[PDB]
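K.L.:
Take this structure first; my questions come after.
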Amino acid sequence: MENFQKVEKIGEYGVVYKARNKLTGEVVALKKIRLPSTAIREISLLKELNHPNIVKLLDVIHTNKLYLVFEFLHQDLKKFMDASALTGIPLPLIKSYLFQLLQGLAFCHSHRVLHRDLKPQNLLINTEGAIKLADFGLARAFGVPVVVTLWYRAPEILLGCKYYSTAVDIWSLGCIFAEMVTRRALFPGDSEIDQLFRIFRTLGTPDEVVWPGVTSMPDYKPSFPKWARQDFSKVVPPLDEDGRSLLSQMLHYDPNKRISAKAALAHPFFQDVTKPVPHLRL
Ligand SMILES: O=C(O)c1cc(C(F)(F)F)ccc1NCCc1c[nH]c2ccccc12
């Protein structure tokens, strides 16, 4: 604030505004977070850690409040999916978007940085056909003393695992992939247990056979109902076997069997990937 002309509120960690630097004229995304050396330092390292599929962090300012200045993009995937709901996003664009998000995840995962909260609304898109990871859920992990959507949460998170791996981002991205294809949210739960049971009713209640150690998870209960796995061809029906195969590997219960971002990039689904340009109304 005061160094910036607030153009518009663009979302609610805190509130984010489209703002214009009063001197340079740069239009940016200003994230205001209401509230440590490691936190400030570790966040500040991200300014020089850049990738084309990751939102650029331009500046960090801390005074009771933490301000993060990001590059600005006009639209996100949630808006674009709503706009495309009658026709669906064309498969070459779905494929390009999935490819780029896996590139961004492979990058930050190779730097031991997890996103933890991937959702369509956090995925920024531009007129050039790019998509970028934004709104990283990094405050808790960096140690920042700061209704939540659970639809994209990995099952190990919902079952109380305290140590997330990179696999929780692959799960979320798998859910988003399915949603681009079918134009319906895959697992739209409204409570942690409702989220978990929606997952169980589709993929089957997990057990020690498919997920060793599942019955030892902190929030696992032997009284969980035992649902059979559904025919996976019901899940994303129109999608071809290349896409379905990739999706099933992204939705493995066992985080140790869930495909990595780098390995997913080599999957045969991406052999004909291109970079179409979307039809964006701004
Ligand atoms: O996205 C946010 O809101 C956000 C919030 C916080 C916190 F809440 F802790 F303050 C910290 C970082 C954030 N983004 C980083 C974006 C980024 C830039 N370069 C990267 C390289 C690898 C991985 C991520 C990045």
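Going by the structure tokens order, chains are called A, B, ..., each with residues numbered from 1, while ligands are numbered from 1 in the order shown.
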Neighbours of ligand 1 within 6 Å, counting only C-alpha atoms and all ligand atoms, as a PyMOL selection string?
P.N.:
chain A and resi 43+46-47+49-50+55-57+108+113+134-136+138-139+142
K.L.:
Under the rule of at most 10 Å, produce a per-residue listing of segment 141-198 of chain A near segment 120-124 of chain A: chain, number, name, the closest pair of atoms, and the distance in Å, as a tab-separated table, using only C-alpha atoms.
P.N.:
residue	atom	partner	partner_atom	distance
A:152	CA	A:120	CA	9.3
A:172	CA	A:120	CA	9.7
A:173	CA	A:120	CA	9.1
A:175	CA	A:120	CA	9.7
A:176	CA	A:120	CA	6.6
A:177	CA	A:120	CA	9.7
A:179	CA	A:120	CA	9.1
A:180	CA	A:120	CA	9.3
K.L.:
Restricting the calculation to only C-alpha atoms: of A:271, A:64, A:182, A:216, which residue gets closest to residue 35 of chain A?
P.N.:
A:64
K.L.:
Select, from A:129, A:92, A:189, A:36, the residue with the minimum atom-to-atom distance to residue 153 of chain A, counting only C-alpha atoms.
P.N.:
A:189
K.L.:
Show which residues sit within 10 Å of residue 246 of chain A, as a ChimeraX atom specification. Count only C-alpha atoms, and ignore same-chain residues fewer than 5 positions away.
P.N.:
/A:174,177,241,251,259,264-265,267-270
K.L.:
Under the rule that only C-alpha atoms are counted, which of A:98, A:163, A:245, A:227 is the nearest residue to residue 261 of chain A?
P.N.:
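Among the listed residues, A:98 lies closest to residue 261 of chain A.
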K.L.:
Kindly give the distance, in Å, that separates atom CA of residue 232 of chain A and atom CA of residue 165 of chain A, rounded to a single decimal.
P.N.:
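These atoms are spaced 25.2 Å apart.
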